[PDB]
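Peer 1: Please see the structure below; I have some questions.
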Amino acid sequence: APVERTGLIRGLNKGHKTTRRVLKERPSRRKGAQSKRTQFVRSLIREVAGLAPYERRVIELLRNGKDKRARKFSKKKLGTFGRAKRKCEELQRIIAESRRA
Amino acid sequence: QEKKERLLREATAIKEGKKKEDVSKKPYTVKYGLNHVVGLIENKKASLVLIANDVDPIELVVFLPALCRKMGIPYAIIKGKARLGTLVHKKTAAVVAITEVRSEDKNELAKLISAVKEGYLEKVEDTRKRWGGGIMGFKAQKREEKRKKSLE
Amino acid sequence: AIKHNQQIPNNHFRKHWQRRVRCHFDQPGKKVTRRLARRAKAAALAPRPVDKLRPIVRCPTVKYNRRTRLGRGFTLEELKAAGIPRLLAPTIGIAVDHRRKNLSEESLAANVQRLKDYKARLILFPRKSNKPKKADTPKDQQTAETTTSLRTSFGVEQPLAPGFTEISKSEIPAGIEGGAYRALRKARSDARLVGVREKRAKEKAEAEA
Amino acid sequence: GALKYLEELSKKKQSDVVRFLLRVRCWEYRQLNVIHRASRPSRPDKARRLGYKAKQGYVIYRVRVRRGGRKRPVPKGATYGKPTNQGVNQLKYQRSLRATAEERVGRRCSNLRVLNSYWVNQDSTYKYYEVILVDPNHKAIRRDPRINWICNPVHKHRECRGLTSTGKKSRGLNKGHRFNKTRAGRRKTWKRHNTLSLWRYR
RNA sequence: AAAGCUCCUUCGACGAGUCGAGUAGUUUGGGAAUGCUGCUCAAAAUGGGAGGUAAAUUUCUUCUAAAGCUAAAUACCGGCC
RNA sequence: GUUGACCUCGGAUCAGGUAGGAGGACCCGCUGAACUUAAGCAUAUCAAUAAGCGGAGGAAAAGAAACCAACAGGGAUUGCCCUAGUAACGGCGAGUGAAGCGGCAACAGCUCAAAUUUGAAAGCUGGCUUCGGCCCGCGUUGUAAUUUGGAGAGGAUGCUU
Ligand SMILES: [Mg+2]
Ligand SMILES: [Mg+2]
Ligand SMILES: [Mg+2]
Ligand SMILES: [Mg+2]
Ligand SMILES: [Mg+2]
Ligand SMILES: [Mg+2]
Ligand SMILES: [Mg+2]
Ligand SMILES: [Mg+2]
Ligand SMILES: [Mg+2]
Ligand SMILES: [Mg+2]
Ligand SMILES: [Mg+2]
Ligand SMILES: [Mg+2]
Ligand SMILES: [Mg+2]
Ligand SMILES: [Mg+2]
Ligand SMILES: [Mg+2]
Ligand SMILES: [Mg+2]
Ligand SMILES: [Mg+2]
Ligand SMILES: [Mg+2]
Ligand SMILES: [Mg+2]
Ligand SMILES: [Mg+2]
Ligand SMILES: [Mg+2]
Ligand SMILES: [Mg+2]
Ligand SMILES: [Mg+2]
Ligand SMILES: [Mg+2]
Ligand SMILES: [Mg+2]
Ligand SMILES: [Mg+2]
Ligand SMILES: [Mg+2]
Ligand SMILES: [Mg+2]
Ligand SMILES: [Mg+2]
Ligand SMILES: [Mg+2]
Ligand SMILES: [Mg+2]
Ligand SMILES: [Mg+2]
Ligand SMILES: [Mg+2]
């Protein structure tokens with residue numbers, strides 16, 4: 001039972017009193033989970049293919065450059081700030097690995 | 001025909017009541033098929049890999065040298081997709097892997113692996129990293145030669 | 001052109017509505033056809049009931065929250081608790097819904113008991129009469145008064161809770177301390193002010209450094 | 001399997017290797033005919049994913065279609081009506097270039113059933129697709145319950161009736177509030193909403 | 001041989017010029033943009049979509065797209081009775 | 001070196017097949033008006049209609065959630081009643097206008113891609129055959145078996161089919 005309801009409508013924990021059971025996770029909910037082979041295949045394919053032109057531009061703006069410029073450019077390229085920040089984190093990991101290899 | 005004969009003798013065996021895989025022994029054969037070979041080198045069972053140099057959609061094999069390097073398995077890009085095919089009784093094979101051999105030619109396998117390593121991989125260790133040439137045509141090459149000779 | 005005290009007309013007949021008029025002179029004939037189809041399918045399902053067993057389900061919204069009805073099918077958890085195999089349930093007249101979940105022990109237990117009653121009342125004929133298996137009805141309790149309508153014989157016994165109940169005096173519960181109206185006002189105010197109070201509390205906590 | 005690697009590689013359309021392959025194959029396809037039989041799928045993973053099988057009765061046809069919007073085919077740009085209908089240039093076709101490619105390939109190979117299609121290349125003036133088709137008269141197809149549903153007459157010219165993937169995309173066939181107008185068919189839903197129902201005992 | 005159930009450390013592959021974003025046109029009751037399409041940009045891995053007011057941040061809920069088949073209840077007197 | 005493989009591309013009144021047209025009331029798409037209403041008229045309305053084009057069947061289409069919801073949660077699709085002339089849209093004018101829940105009719109669930117059968121391509125088309133099989137071809141750039149998230153795979157375990 002996550003949280004027990006107050007038994008009255010119009011409240012912070014409103015709702016009818018039921019003993020809420022915790023249940024095992026359905027296999028659909030695993031969709032975003034990472035796996036060993038997927039990780040292996042994606043890393044090998046990244047090694048084989050390299051970077052995109054916009055990814056190279058972002059990396060150049062990231063190392064010896066401006067993070068606000070990188071953020072703005074990444075958002076312009078990808079369309080969404082969440083995707084832009086995830087891409088910037090991934091390219092930061094790439095830069096760190098390349099520089100500390 | 002060999003498979004039919006083996007199945008026939010296994011049939012006589014289990015008609016006599018002797019269990020299967022008693023008349024026949026463990027087979028040692030070369031491994032083919034792209035997905036099968038990829039799985040073998042992923043599980044490190046492959047001892048040597050030969051990749052055809054002329055796979056129409058190179059994509060199917062463009063990652064194979066990198067995969068073999070990552071998994072630490074000796075590979076060689078060999079000439080003849082049709083050659084691998086006729087080796088394996090198909091039209092084409094596009095990839096071939098050898099995992100285990102019999103003891104009478106384990107020494108031959110070791111010799112082949114060492115020779116392939118030191119005579120292909122060590123020589124291509126550097127040339128595999130550079131871009132394919134932008135070679136011009138015959139007349140363009142002659143024009144550039146004339147230009148350089150006139151300049152000097 | 002309005003001329004008197006009229007309700008403003010808004011009759012949506014400015015399209016060619018006559019092109020799509022649907023009369024219903026075939027209502028009795030369609031009813032007859034439906035009855036014939038029902039009789040034919042009941043005859044085809046000769047000893048079996050004409051429908052599948054359905055679970056009890058609570059209607060979603062805050063309206064209809066109070067009422068139960070029949071659902072689509074029983075969940076995997078309900079079938080497992082009742083001991084009925086998943087592949088065996090749909091072949092013996094039980095509807096299965098793989099996408100419904102049991103978030104509450106009350107619904108889970110009610111549906112499990114429903115399934116157990118159905119299994120207790122089930123008569124299972126052997127696949128071959130000359131060699132019955134241990135899971136089939138052994139030819140002696142195979143004769144009984146059966147039902148052909150699970151929607152009536154296994155309906156919703158009481159969709160609504162009983163609206164009237166008597167308790168003795170001195171068992172009357174004590175009211176909420178400030179009163180029910182005040183309690184509702186307080187709960188509403190707390191829900192309104194949860195975020196502002198949270199940000200103010202964290203601001204005052206962090207003001208020291 | 002190598003098809004997972006192929007799937008991952010096909011995502012990297014901006015990489016050097018994929019860009020080089022795309023450029024060269026675009027040149028080759030432009031040199032070839034507008035519609036032509038392809039011996040094998042150039043994207044084996046994509047074809048297998050969309051339902052292609054490597055057995056007799058499965059055919060791949062490559063087609064390129066002209067790119068851009070749909071200019072209104074009126075003489076001298078003169079639409080004869082109200083100003084809201086005077087647009088000529090920036091109008092858009094309601095179906096996809098993929099749908100046009102499938103329709104033309106189906107007309108070329110009437111004897112086959114269009115199973116699916118996929119993008120293979122792009123160009124300034126052309127878009128290139130490979131269409132998977134199935135032979136409904138081949139015995140290898142007619143004997144396979146996994147595919148022989150396409151042998152039934154109700155599946156004649158799926159690409160013409162919008163029953164392929166691109167047709168199901170254009171027609172708005174998805175569940176939810178965002179597809180209220182097109183869930184069950186736009187014209188059918190409109191007829192339902194505009195039908196006046198009169199019962200006997202009104 | 002094949003098949004179901006009861007428990008389990010572990011593993012658990014899941015559709016890309018696709019989603020999404022911008023812009024243009026059309027359409028919708030869908031209103032800082034409901035669907036569709038053209039062009040440009042162009043993804044990710046507890047990720048992704050949606051949660052009817054545009055945005056950043058933090059949670060929660062719900063499903064699992066970009067492959068496919070499938071009676072019935074429904075329309076229709078065009079055809080044959 | 002030539003032949004011989006395989007890769008594309010062709011010839012043939014080669015062997016065997018298939019498509020066209022009709023019908024189009026209903027059905028699935030595309031394309032697409034104006035009369036009219038607004039007491040004028042351009043957005044709007046008529047109308048996502050008529051006309052035009054392509055494609056099916058006895059039904060078609062849709063369909064087993066990247067759904068609805070916000071609840072004590074529902075649970076593929078379709079249709080009727082209601083929601084509701086409502087939310088909303090609209091020179092916010094004329095006018096237009098759904099959906100969830102709820103009752104009912106009818107109910108049905110499924111299979112592929114993504115895994116090595118690798119101790120044996122186990123798969124399939126065509127021809128011949130006494131019926132046991134044989135041959136060619138397709139196919140390893142993957143045809144069978146297994147698996148589809150409701151899981152499953154791997155192990156245990158004793159019953160059951
Ligand atoms: Mg009129
Ligand atoms: Mg072929
Ligand atoms: Mg004119
Ligand atoms: Mg107008
Ligand atoms: Mg009346
Ligand atoms: Mg999927
Ligand atoms: Mg898109
Ligand atoms: Mg969107
Ligand atoms: Mg757009
Ligand atoms: Mg627009
Ligand atoms: Mg239009
Ligand atoms: Mg719009
Ligand atoms: Mg909201
Ligand atoms: Mg699909
Ligand atoms: Mg689907
Ligand atoms: Mg369908
Ligand atoms: Mg002939
Ligand atoms: Mg002919
Ligand atoms: Mg015709
Ligand atoms: Mg007027
Ligand atoms: Mg007038
Ligand atoms: Mg006038
Ligand atoms: Mg309209
Ligand atoms: Mg018409
Ligand atoms: Mg019918
Ligand atoms: Mg159908
Ligand atoms: Mg599903
Ligand atoms: Mg739910
Ligand atoms: Mg429903
Ligand atoms: Mg609008
Ligand atoms: Mg309208
Ligand atoms: Mg209902
Ligand atoms: Mg035969």
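Within each chain, counting starts at residue 1; across the structure tokens, chains are named A, B, ... in the order shown, with ligands numbered 1 upward in that order.
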Just want the 6 Å neighbourhood of range 8-23 of chain E, counted on only C-alpha atoms (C1' of nucleotides), with same-chain residues fewer than 4 positions away dropped. Output as a list in words.

Peer 2: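 Within the cut-off, the hits are residues 79 of chain A; 11 of chain D; 66 of chain E; 114 of chain F.
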
Peer 1: Set the cut-off to 8 Å, count only C-alpha atoms (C1' of nucleotides) and all ligand atoms, and list whatever residues fall near ligand 30 as a list in words.

Peer 2: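 Counting only what the definition allows, namely only C-alpha atoms (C1' of nucleotides) and all ligand atoms, the set is residues 28, 30 and 31 of chain E; 89 of chain F.
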
Peer 1: How would the residues just picked look written out with N, CA, C and O atoms (P, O5', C5', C4', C3', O3' and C1' of nucleotides) as a PDB file, in the first residue's frame?

Peer 2:
ATOM      1  P     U E  28     -13.813  21.155 -41.822  1.00  0.00           P
ATOM      2  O5'   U E  28     -13.474  20.684 -40.341  1.00  0.00           O
ATOM      3  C5'   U E  28     -13.561  19.319 -39.966  1.00  0.00           C
ATOM      4  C4'   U E  28     -13.114  19.116 -38.543  1.00  0.00           C
ATOM      5  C3'   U E  28     -13.733  20.052 -37.519  1.00  0.00           C
ATOM      6  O3'   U E  28     -15.033  19.658 -37.120  1.00  0.00           O
ATOM      7  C1'   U E  28     -11.402  19.962 -37.183  1.00  0.00           C
ATOM      8  P     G E  30     -12.535  24.168 -34.694  1.00  0.00           P
ATOM      9  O5'   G E  30     -11.497  23.565 -33.649  1.00  0.00           O
ATOM     10  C5'   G E  30     -11.097  24.303 -32.503  1.00  0.00           C
ATOM     11  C4'   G E  30     -10.232  23.478 -31.583  1.00  0.00           C
ATOM     12  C3'   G E  30      -8.964  22.898 -32.195  1.00  0.00           C
ATOM     13  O3'   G E  30      -7.888  23.820 -32.188  1.00  0.00           O
ATOM     14  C1'   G E  30     -10.105  21.228 -30.949  1.00  0.00           C
ATOM     15  P     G E  31      -7.632  24.810 -33.424  1.00  0.00           P
ATOM     16  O5'   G E  31      -7.909  26.254 -32.814  1.00  0.00           O
ATOM     17  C5'   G E  31      -7.046  26.799 -31.829  1.00  0.00           C
ATOM     18  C4'   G E  31      -7.804  27.614 -30.811  1.00  0.00           C
ATOM     19  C3'   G E  31      -7.065  27.876 -29.509  1.00  0.00           C
ATOM     20  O3'   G E  31      -6.213  29.001 -29.601  1.00  0.00           O
ATOM     21  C1'   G E  31      -9.271  27.119 -29.051  1.00  0.00           C
TER      22        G E  31
ATOM     23  P     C F  89     -13.536  28.314 -28.135  1.00  0.00           P
ATOM     24  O5'   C F  89     -13.791  28.135 -29.693  1.00  0.00           O
ATOM     25  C5'   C F  89     -12.906  27.371 -30.496  1.00  0.00           C
ATOM     26  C4'   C F  89     -13.471  27.147 -31.873  1.00  0.00           C
ATOM     27  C3'   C F  89     -13.855  28.397 -32.645  1.00  0.00           C
ATOM     28  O3'   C F  89     -12.747  29.025 -33.265  1.00  0.00           O
ATOM     29  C1'   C F  89     -15.595  26.806 -32.802  1.00  0.00           C
TER      30        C F  89
END

Peer 1: Which residues come within 12 Å of residue 32 in chain E, counting only C-alpha atoms (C1' of nucleotides), excluding same-chain residues fewer than 3 positions away, as a list in words?

Peer 2: residues 53, 54 and 55 of chain E

Peer 1: Report as a list in words all protein, DNA and RNA residues lying within 9 Å of residue 144 in chain F, evaluated on only C-alpha atoms (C1' of nucleotides), omitting residues in the same chain fewer than 5 positions from it.

Peer 2: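 Skipping anything fewer than 5 positions along the chain leaves residues 121, 122 and 123 of chain F.
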
Peer 1: Tell me which protein, DNA and RNA residues are within 12 Å of residue 131 in chain B, counting only C-alpha atoms (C1' of nucleotides), leaving out same-chain ones fewer than 6 positions away, and put them as a PyMOL selection string.

Peer 2: chain D and resi 16-17+20

Peer 1: Can you spit out the residues from that selection as an mmCIF file, in the first residue's frame, using C-alpha atoms?

Peer 2:
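What ended up in selection30.cif:
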data_model
loop_
_atom_site.group_PDB
_atom_site.id
_atom_site.type_symbol
_atom_site.label_atom_id
_atom_site.label_comp_id
_atom_site.auth_asym_id
_atom_site.auth_seq_id
_atom_site.Cartn_x
_atom_site.Cartn_y
_atom_site.Cartn_z
ATOM 1 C CA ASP D 16 29.996 9.145 -43.066
ATOM 2 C CA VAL D 17 29.481 5.507 -44.077
ATOM 3 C CA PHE D 20 28.402 7.684 -48.705
#

Peer 1: By how many Å are CA of residue 9 in chain D and CA of residue 101 in chain A apart?

Peer 2: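 Calculated distance between CA of residue 9 in chain D and CA of residue 101 in chain A is 24.5 Å.
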
Peer 1: Report as a list in words the set of chain B residues whose atoms approach chain D to within 8 Å, with distances computed over only C-alpha atoms.

Peer 2: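 Matching residues, ligands excluded from the count: residues 34, 35, 36, 38, 39, 57, 59, 60 and 63 of chain B.
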
Peer 1: Store the residues of this selection in a file with N, CA, C and O atoms, as a CSV table (one decimal), in the first residue's frame.

Peer 2:
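Once written, selection.csv looks like this:
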chain,number,residue,atom,x,y,z
B,34,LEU,N,25.1,-15.7,-41.8
B,34,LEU,CA,25.5,-14.4,-41.2
B,34,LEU,C,25.1,-14.3,-39.8
B,34,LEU,O,26.0,-14.0,-38.9
B,35,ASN,N,23.8,-14.6,-39.5
B,35,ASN,CA,23.4,-14.5,-38.1
B,35,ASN,C,24.1,-15.5,-37.2
B,35,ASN,O,24.5,-15.2,-36.1
B,36,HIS,N,24.2,-16.7,-37.7
B,36,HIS,CA,24.9,-17.8,-36.9
B,36,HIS,C,26.3,-17.4,-36.6
B,36,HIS,O,26.8,-17.6,-35.5
B,38,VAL,N,27.7,-14.4,-36.6
B,38,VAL,CA,27.7,-13.2,-35.7
B,38,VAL,C,27.5,-13.7,-34.3
B,38,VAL,O,28.2,-13.2,-33.4
B,39,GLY,N,26.5,-14.6,-34.0
B,39,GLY,CA,26.3,-15.1,-32.7
B,39,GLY,C,27.5,-15.9,-32.2
B,39,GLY,O,27.9,-15.8,-31.0
B,57,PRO,N,25.2,-5.6,-50.3
B,57,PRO,CA,24.9,-4.5,-49.2
B,57,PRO,C,26.0,-4.6,-48.2
B,57,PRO,O,25.8,-5.4,-47.2
B,59,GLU,N,26.7,-3.2,-45.8
B,59,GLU,CA,26.1,-3.0,-44.4
B,59,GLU,C,26.1,-4.4,-43.7
B,59,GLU,O,26.5,-4.5,-42.6
B,60,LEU,N,25.7,-5.5,-44.5
B,60,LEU,CA,25.5,-6.7,-43.8
B,60,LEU,C,26.8,-7.2,-43.1
B,60,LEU,O,26.8,-8.0,-42.2
B,63,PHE,N,30.3,-4.0,-40.3
B,63,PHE,CA,30.6,-4.0,-38.9
B,63,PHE,C,31.4,-5.2,-38.5
B,63,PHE,O,31.9,-5.2,-37.3

Peer 1: In terms of the shortest atom-to-atom distance over only C-alpha atoms, which of A:28, A:18, A:48, A:42 is closest to chain B?

Peer 2: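 The answer is A:48, which sits nearest to chain B.
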
Peer 1: Among chain A, which ones does DSSP place in helix (DSSP H, G or I), written as a PyMOL selection string?

Peer 2: chain A and resi 27-30+36-49+53-62+67-78+81-100

Peer 1: Write out as JSON lines the residues of chain E that have any atom within 12 Å of an atom of ligand 15, one row each with the nearest atom pair and its distance in Å to one decimal, counting only C-alpha atoms (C1' of nucleotides) and all ligand atoms, sorted by chain and then rising number.

Peer 2:
{"residue": "E:15", "atom": "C1'", "partner": "ligand 15", "partner_atom_place_in_ligand_line": "1 (Mg)", "distance": 11.1}
{"residue": "E:64", "atom": "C1'", "partner": "ligand 15", "partner_atom_place_in_ligand_line": "1 (Mg)", "distance": 10.9}
{"residue": "E:65", "atom": "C1'", "partner": "ligand 15", "partner_atom_place_in_ligand_line": "1 (Mg)", "distance": 8.9}
{"residue": "E:66", "atom": "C1'", "partner": "ligand 15", "partner_atom_place_in_ligand_line": "1 (Mg)", "distance": 10.8}
{"residue": "E:67", "atom": "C1'", "partner": "ligand 15", "partner_atom_place_in_ligand_line": "1 (Mg)", "distance": 7.9}
{"residue": "E:68", "atom": "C1'", "partner": "ligand 15", "partner_atom_place_in_ligand_line": "1 (Mg)", "distance": 7.5}
{"residue": "E:69", "atom": "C1'", "partner": "ligand 15", "partner_atom_place_in_ligand_line": "1 (Mg)", "distance": 10.2}

Peer 1: Just write the chosen residues, N, CA, C and O atoms (P, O5', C5', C4', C3', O3' and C1' of nucleotides), as a PDB file, in the first residue's frame.

Peer 2:
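Generated output (selection_32.pdb):
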ATOM      1  P     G E  15      11.590  -1.252 -31.220  1.00  0.00           P
ATOM      2  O5'   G E  15      11.503  -0.892 -32.768  1.00  0.00           O
ATOM      3  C5'   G E  15      12.515  -1.305 -33.682  1.00  0.00           C
ATOM      4  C4'   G E  15      12.007  -1.359 -35.103  1.00  0.00           C
ATOM      5  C3'   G E  15      11.341  -0.089 -35.614  1.00  0.00           C
ATOM      6  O3'   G E  15      11.563   0.030 -37.018  1.00  0.00           O
ATOM      7  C1'   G E  15       9.760  -1.858 -35.581  1.00  0.00           C
ATOM      8  P     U E  64      -0.108  -1.627 -24.186  1.00  0.00           P
ATOM      9  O5'   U E  64       1.090  -1.009 -25.029  1.00  0.00           O
ATOM     10  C5'   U E  64       0.842  -0.151 -26.137  1.00  0.00           C
ATOM     11  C4'   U E  64       2.120   0.433 -26.685  1.00  0.00           C
ATOM     12  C3'   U E  64       3.153  -0.590 -27.145  1.00  0.00           C
ATOM     13  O3'   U E  64       3.870  -0.065 -28.259  1.00  0.00           O
ATOM     14  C1'   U E  64       4.080   0.748 -25.440  1.00  0.00           C
ATOM     15  P     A E  65       3.840  -0.831 -29.667  1.00  0.00           P
ATOM     16  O5'   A E  65       3.617   0.330 -30.730  1.00  0.00           O
ATOM     17  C5'   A E  65       2.326   0.862 -30.987  1.00  0.00           C
ATOM     18  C4'   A E  65       2.412   2.057 -31.898  1.00  0.00           C
ATOM     19  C3'   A E  65       3.286   1.870 -33.129  1.00  0.00           C
ATOM     20  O3'   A E  65       2.566   1.301 -34.205  1.00  0.00           O
ATOM     21  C1'   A E  65       3.886   3.876 -32.022  1.00  0.00           C
ATOM     22  P     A E  66       3.252   0.222 -35.167  1.00  0.00           P
ATOM     23  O5'   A E  66       4.163   1.097 -36.133  1.00  0.00           O
ATOM     24  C5'   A E  66       3.609   2.136 -36.929  1.00  0.00           C
ATOM     25  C4'   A E  66       4.686   3.074 -37.406  1.00  0.00           C
ATOM     26  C3'   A E  66       5.873   2.411 -38.086  1.00  0.00           C
ATOM     27  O3'   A E  66       5.636   2.170 -39.461  1.00  0.00           O
ATOM     28  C1'   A E  66       6.647   3.925 -36.444  1.00  0.00           C
ATOM     29  P     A E  67       6.278   0.896 -40.194  1.00  0.00           P
ATOM     30  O5'   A E  67       5.822  -0.339 -39.301  1.00  0.00           O
ATOM     31  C5'   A E  67       4.523  -0.894 -39.432  1.00  0.00           C
ATOM     32  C4'   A E  67       4.580  -2.277 -40.026  1.00  0.00           C
ATOM     33  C3'   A E  67       3.258  -3.018 -40.116  1.00  0.00           C
ATOM     34  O3'   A E  67       2.474  -2.630 -41.229  1.00  0.00           O
ATOM     35  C1'   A E  67       4.868  -4.440 -39.171  1.00  0.00           C
ATOM     36  P     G E  68       0.873  -2.615 -41.123  1.00  0.00           P
ATOM     37  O5'   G E  68       0.482  -4.151 -40.987  1.00  0.00           O
ATOM     38  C5'   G E  68       0.712  -5.048 -42.060  1.00  0.00           C
ATOM     39  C4'   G E  68       0.322  -6.460 -41.709  1.00  0.00           C
ATOM     40  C3'   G E  68      -1.128  -6.690 -41.327  1.00  0.00           C
ATOM     41  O3'   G E  68      -2.010  -6.715 -42.431  1.00  0.00           O
ATOM     42  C1'   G E  68       0.261  -7.829 -39.812  1.00  0.00           C
ATOM     43  P     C E  69      -3.572  -6.429 -42.209  1.00  0.00           P
ATOM     44  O5'   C E  69      -4.152  -7.828 -41.718  1.00  0.00           O
ATOM     45  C5'   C E  69      -4.055  -8.980 -42.539  1.00  0.00           C
ATOM     46  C4'   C E  69      -4.574 -10.212 -41.845  1.00  0.00           C
ATOM     47  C3'   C E  69      -6.035 -10.184 -41.430  1.00  0.00           C
ATOM     48  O3'   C E  69      -6.910 -10.499 -42.498  1.00  0.00           O
ATOM     49  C1'   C E  69      -4.715 -10.992 -39.642  1.00  0.00           C
TER      50        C E  69
END

Peer 1: Would you kindly report the residues of chain A within 9 Å of chain C, using only C-alpha atoms, as a list in words?

Peer 2: residues 8, 9, 10, 11, 12, 13, 18, 19, 20, 21, 22 and 23 of chain A

Peer 1: For N, CA, C and O atoms, I'd like the residues from the last selection saved as a PDB file, in the first residue's frame.

Peer 2:
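Generated file (out.pdb):
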ATOM      1  N   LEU A   8     -12.452  10.655   2.382  1.00  0.00           N
ATOM      2  CA  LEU A   8     -13.343  11.766   2.100  1.00  0.00           C
ATOM      3  C   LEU A   8     -12.897  12.460   0.823  1.00  0.00           C
ATOM      4  O   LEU A   8     -11.699  12.624   0.583  1.00  0.00           O
ATOM      5  N   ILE A   9     -13.872  12.850  -0.001  1.00  0.00           N
ATOM      6  CA  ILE A   9     -13.568  13.623  -1.195  1.00  0.00           C
ATOM      7  C   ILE A   9     -13.012  14.990  -0.805  1.00  0.00           C
ATOM      8  O   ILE A   9     -13.090  15.419   0.352  1.00  0.00           O
ATOM      9  N   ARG A  10     -12.448  15.682  -1.795  1.00  0.00           N
ATOM     10  CA  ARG A  10     -12.023  17.072  -1.641  1.00  0.00           C
ATOM     11  C   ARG A  10     -10.986  17.201  -0.520  1.00  0.00           C
ATOM     12  O   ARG A  10     -11.219  17.799   0.530  1.00  0.00           O
ATOM     13  N   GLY A  11      -9.835  16.586  -0.765  1.00  0.00           N
ATOM     14  CA  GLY A  11      -8.758  16.654   0.200  1.00  0.00           C
ATOM     15  C   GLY A  11      -7.419  16.427  -0.466  1.00  0.00           C
ATOM     16  O   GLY A  11      -7.323  16.250  -1.682  1.00  0.00           O
ATOM     17  N   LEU A  12      -6.375  16.438   0.361  1.00  0.00           N
ATOM     18  CA  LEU A  12      -5.023  16.214  -0.134  1.00  0.00           C
ATOM     19  C   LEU A  12      -4.798  14.767  -0.550  1.00  0.00           C
ATOM     20  O   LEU A  12      -4.060  14.510  -1.506  1.00  0.00           O
ATOM     21  N   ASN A  13      -5.415  13.818   0.146  1.00  0.00           N
ATOM     22  CA  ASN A  13      -5.336  12.399  -0.185  1.00  0.00           C
ATOM     23  C   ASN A  13      -6.734  11.824  -0.331  1.00  0.00           C
ATOM     24  O   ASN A  13      -7.068  10.769   0.211  1.00  0.00           O
ATOM     25  N   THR A  18      -9.800   1.906   0.193  1.00  0.00           N
ATOM     26  CA  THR A  18      -9.569   0.546  -0.271  1.00  0.00           C
ATOM     27  C   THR A  18      -8.156   0.127   0.097  1.00  0.00           C
ATOM     28  O   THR A  18      -7.228   0.940   0.083  1.00  0.00           O
ATOM     29  N   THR A  19      -7.997  -1.150   0.433  1.00  0.00           N
ATOM     30  CA  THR A  19      -6.680  -1.695   0.749  1.00  0.00           C
ATOM     31  C   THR A  19      -5.923  -1.901  -0.558  1.00  0.00           C
ATOM     32  O   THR A  19      -6.061  -2.929  -1.224  1.00  0.00           O
ATOM     33  N   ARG A  20      -5.119  -0.910  -0.928  1.00  0.00           N
ATOM     34  CA  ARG A  20      -4.393  -0.935  -2.191  1.00  0.00           C
ATOM     35  C   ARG A  20      -3.255  -1.939  -2.089  1.00  0.00           C
ATOM     36  O   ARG A  20      -2.417  -1.851  -1.187  1.00  0.00           O
ATOM     37  N   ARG A  21      -3.231  -2.899  -3.004  1.00  0.00           N
ATOM     38  CA  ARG A  21      -2.165  -3.883  -3.036  1.00  0.00           C
ATOM     39  C   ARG A  21      -1.081  -3.462  -4.019  1.00  0.00           C
ATOM     40  O   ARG A  21      -1.353  -2.844  -5.051  1.00  0.00           O
ATOM     41  N   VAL A  22       0.154  -3.790  -3.683  1.00  0.00           N
ATOM     42  CA  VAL A  22       1.264  -3.629  -4.611  1.00  0.00           C
ATOM     43  C   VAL A  22       1.340  -4.883  -5.470  1.00  0.00           C
ATOM     44  O   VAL A  22       1.116  -6.001  -4.990  1.00  0.00           O
ATOM     45  N   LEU A  23       1.597  -4.696  -6.757  1.00  0.00           N
ATOM     46  CA  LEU A  23       1.524  -5.781  -7.721  1.00  0.00           C
ATOM     47  C   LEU A  23       2.804  -5.845  -8.540  1.00  0.00           C
ATOM     48  O   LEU A  23       3.507  -4.844  -8.710  1.00  0.00           O
TER      49      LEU A  23
END

Peer 1: Once you count only C-alpha atoms (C1' of nucleotides) and all ligand atoms, what closest atom pair and distance in Å to one decimal does each residue of chain F within 10 Å of ligand 6 have, with rows by chain and rising residue number, as CSV?

Peer 2:
residue,atom,partner,partner_atom_place_in_ligand_line,distance
F:66,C1',ligand 6,1 (Mg),8.6
F:113,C1',ligand 6,1 (Mg),9.2
F:114,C1',ligand 6,1 (Mg),9.8
F:148,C1',ligand 6,1 (Mg),9.5
F:149,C1',ligand 6,1 (Mg),9.8

Peer 1: Check every protein, DNA and RNA residue against ligand 20, keep those with an atom at most 9 Å away (counting only C-alpha atoms (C1' of nucleotides) and all ligand atoms), and present them as a VMD selection string.

Peer 2: chain F and resid 36 to 41

Peer 1: Counting only C-alpha atoms (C1' of nucleotides), which residues of chain C come no farther than 10 Å from chain E, as a list in words?

Peer 2: residues 34, 80, 83, 84, 85, 86, 87 and 88 of chain C

Peer 1: What residues of the protein or nucleic acid chains come within 12 Å of ligand 8 when you use only C-alpha atoms (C1' of nucleotides) and all ligand atoms? Reply as a PyMOL selection string.

Peer 2: (chain D and resi 178-179) or (chain E and resi 19-21+33-36+49-50)
